[PDB]
Amino acid sequence: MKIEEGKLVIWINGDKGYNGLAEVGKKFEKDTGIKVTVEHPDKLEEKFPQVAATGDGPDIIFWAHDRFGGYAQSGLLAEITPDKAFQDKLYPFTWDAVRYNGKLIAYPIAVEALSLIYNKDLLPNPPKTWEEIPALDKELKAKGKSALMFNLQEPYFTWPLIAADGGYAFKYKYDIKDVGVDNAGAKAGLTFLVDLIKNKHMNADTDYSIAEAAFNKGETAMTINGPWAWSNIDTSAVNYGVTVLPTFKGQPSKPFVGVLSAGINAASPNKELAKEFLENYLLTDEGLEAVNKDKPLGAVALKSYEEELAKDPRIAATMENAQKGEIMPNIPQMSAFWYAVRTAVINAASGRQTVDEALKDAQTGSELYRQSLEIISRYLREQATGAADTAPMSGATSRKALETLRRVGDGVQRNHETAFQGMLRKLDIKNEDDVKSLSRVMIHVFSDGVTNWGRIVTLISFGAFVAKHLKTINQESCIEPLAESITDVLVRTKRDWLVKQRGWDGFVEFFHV
Ligand SMILES: CCc1sc2ncnc(O[C@H](Cc3ccccc3)C(=O)O)c2c1-c1ccc(OCCN2CCN(C)CC2)c(Cl)c1C
Ligand SMILES: OC[C@H]1O[C@H](O[C@H]2[C@H](O)[C@@H](O)[C@@H](O)O[C@@H]2CO)[C@H](O)[C@@H](O)[C@@H]1O
């Protein structure tokens, strides 16, 4: 087993107070003898699922809660079971953020939302609207300054504007069928952003470091950032305020709210130690103070300490932005959603694609898993049972993709029956455990090779062949898991290619009669 027993390794992002966290570790080590190592790897949110899948990684991972449902769905996190008395020390809505499929999958630490950060010496009155920023920038450029710089590389920072006039990720329970990435609100916000770039009020290449340095040196009047940033601003002696984000088309900017949370690796042989550290050392007044003093956490989950911090006007502004925003969903398709929108924003800002092209692709990318599952699940089930699903189907594409797959998929099963049968007789499929062991095979087979529509039809057509078998041996319950497996394999390893082909519209086009 890869993770070492008798110590704690912790991963946390490099913008958080990891020196403070290490101080809490020192205190844990003092009491118990157990060494605590804090690390801050680049791209840790993409690295964790890769390493944890193989049984490796940190004992504890810290991230906003949006990534944790994906982790939990993949079996990477231990269920946490604090008692009533500990649960009652934290705000109920923070626990809701870390609930997935009825189980608690992490400990909530703190509530974070973006705010408008402004230099009070340059801009005694910050703008109320995004619409007035171009004029303010022109005024400021005549004095050697700029109005606003913020990270354009990460969609978390552009999202408040995109969402203002109507963009949304997943509607309201969260409806995974209803995605608002390329609606009219979304387009208007992204367009306003690209116009700021086109008119030289911002630069498409601005990232976290460039924006932070410009603000902290007094060269730009505003930035958009989170509570973590306030420490470095204090160091710089900029006279800053923290306030409400500007409105767009009369409506508030809607930041996605995150709950910084701590999850325990399912492979860790140190779960009792991790729970003891998190509950009795970190999530205490002193523990959170030590972290907070290094980089501010925002509104902490711990009611006792939150009451002390609540008086701070920067925190009050954070909560006001948070109330106008929306708690991020934690569903497993969040990762895909962020990856598509990141790409959309970068390509739109750079002029690689137009706003319409960019957000079209993002909408495709964000809907891809669900749309694929629907198609694949329907085809496997109808093949296995001999009757189609009567529920309505998005709808036109799905219906036509299913019609196409019925032609080409039946061809493949028919002409390749003997290899199919042979490969299904080799494997001793008879229950959910074997199907479990199929993705593995499919992952090494499907990936290793060319990516084209024929190889995709092959995977799905073999899927159907298996489903038929499953039905005859009264293992019908295993079909939907089979469809989820095939779908995951397809959309994880071929996402970029699929988005390039216009998704399933492409599939319909390619095999068109
Ligand atoms: C779960 C297995 C999967 S998943 C999957 N995904 C994409 N493509 C696949 O196959 C195509 C090539 C191919 C086209 C047409 C029919 C078979 C395969 C490819 O990899 O490009 C597969 C196979 C696969 C891979 C190999 C096979 O056959 C392997 C060779 N023989 C060995 C002897 N035995 C009797 C039959 C299988 C068989 Cl029977 C399947 C379903
Ligand atoms: O930009 C997409 C990104 O947004 C959020 O990440 C935030 C994070 O929540 C904050 O703690 C801070 O570190 O900045 C990050 C943005 O760079 C999501 O939590 C994340 O999953 C998503 O990829």
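By convention here, the first residue in the shown sequence is residue 1. Remember, it's 1-based here, ligands and their atoms both numbered in the order they're listed.
Taking the six-membered ring wherever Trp is involved, the centroid distance between the rings of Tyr71 and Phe68 falls below 6.0 Å. Between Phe420 and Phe465, a ring centre-to-centre spacing shorter than 6.0 Å is recorded.
For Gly226, the closest heavy-atom approach to ligand 2 does not fall below 4.0 Å. In this structure, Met334 falls outside the shell of residues with a heavy atom less than 4.0 angstrom from ligand 2. Ligand 2 lies nowhere less than 4.0 angstrom from a heavy atom belonging to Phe256. Taking 4.0 Å as the cut-off, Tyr339 does not count as a neighbour of ligand 2 on heavy-atom distance. Heavy atoms of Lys16 approach ligand 2 to within less than 4.0 angstrom.
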(request) Under the side-chain hydrogen bond (donor to acceptor under 3.5 Å, both in side chains) rule, what do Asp66 and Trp338 come out as? Steps first, then yes or no, please. (result) CA-CA 10 Å; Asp66 68 302; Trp338 283 125; 2.9 Å; yes

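Among protein heavy atoms, atom 2 (C) of ligand 2 sits closest to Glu154 OE1, 3.3 Å. If you check which protein heavy atom lies closest to atom 23 (O) of ligand 2, you get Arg67 NH2, 2.9 Å. Annotation: atom 14 (O) of ligand 2 to nearest protein heavy atom, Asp15 OD2, 4.0 Å. For atom 9 (O) of ligand 2, the closest non-hydrogen atom of the protein is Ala64 CB, 3.5 Å.
Contact atoms of ligand 2 toward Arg342: 2 (C), 23 (O) (distance under 4.0 Å to a heavy atom of the residue). Those atoms of ligand 2 with a heavy atom of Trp228 less than 4.0 angstrom away are 10 (C), 12 (C). Proximity to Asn13 (heavy-atom distance under 4.0 Å) selects the following atoms of ligand 2: 13 (O). Shown in contact with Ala419 at under 4.0 Å from a heavy atom are these atoms of ligand 1, numbered in order with element: 36 (C), 39 (Cl). For ligand 2, the atoms closer than 4.0 angstrom to any heavy atom of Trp63 are 19 (O), 20 (C), 21 (O). Against a heavy-atom cut-off of under 4.0 Å, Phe420 is close to the following atoms of ligand 1: 16 (C), 41 (C). Here is the list of ligand 1 atoms found below 4.0 Å of a heavy atom in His416: 15 (C), 16 (C). Within ligand 1, counting atoms from 1 as listed, the ones closer than 4.0 Å to a heavy atom of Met423 are 26 (C), 27 (C), 28 (O), 29 (C), 38 (C), 39 (Cl).
The parts of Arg455 lying near ligand 1 are both backbone and side chain, judged by heavy-atom distances below 4.0 Å. By the criterion of a heavy-atom distance under 4.0 Å, neither the backbone nor the side chain of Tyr208 is placed next to ligand 2. Counting heavy atoms closer than 4.0 Å to ligand 2, residue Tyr156 contributes atoms from both its backbone and its side chain.
Between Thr458 and ligand 1, no pair of N/O atoms sits closer than 3.5 Å. Considering backbone and side-chain N/O of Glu112, one or more are found under 3.5 Å from N/O of ligand 2.
In the displayed structure, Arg407 atom CZ is contacted under 6.0 Å by more than 12 heavy atoms of other residues, nucleotides or ligands. Other residues, nucleotides and ligands contribute over 12 non-hydrogen atoms within 6.0 Å of the NZ atom of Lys468. At most 12 non-hydrogen atoms from other residues, nucleotides or ligands lie less than 6.0 angstrom from NZ of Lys103.
Checking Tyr240 against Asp234 by side-chain atom types alone, a donor-acceptor pair falls below 3.5 Å.
Across all non-hydrogen atoms, the minimal contact from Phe256 to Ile327 is CE2-O, 4.2 Å. Pairing each heavy atom of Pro296 with each of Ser231, the nearest pair is CD-OG, 3.2 Å. Residues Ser261 and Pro108 come closest through the heavy atom pair OG-CA, 4.0 Å. Nearest heavy-atom pair across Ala322 and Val257 is O-CG2, 3.6 Å.
Below 30°, between 30° and 60°, or above 60°: for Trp453 and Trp504 the angle between ring planes is between 30° and 60°, a tilted geometry.
In this structure, of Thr158, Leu260, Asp66, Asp207, the residue bringing a heavy atom nearest to atom 20 (C) of ligand 2 is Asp66.
Cation-pi geometry between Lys494 and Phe446 is satisfied (NZ or CZ under 6.0 Å from the ring centre, within 45° of the ring normal).
For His40, the ring pair (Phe, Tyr, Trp, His ring centres under 6.0 Å) partners two or more places apart in sequence, or in a different chain, are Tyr18.
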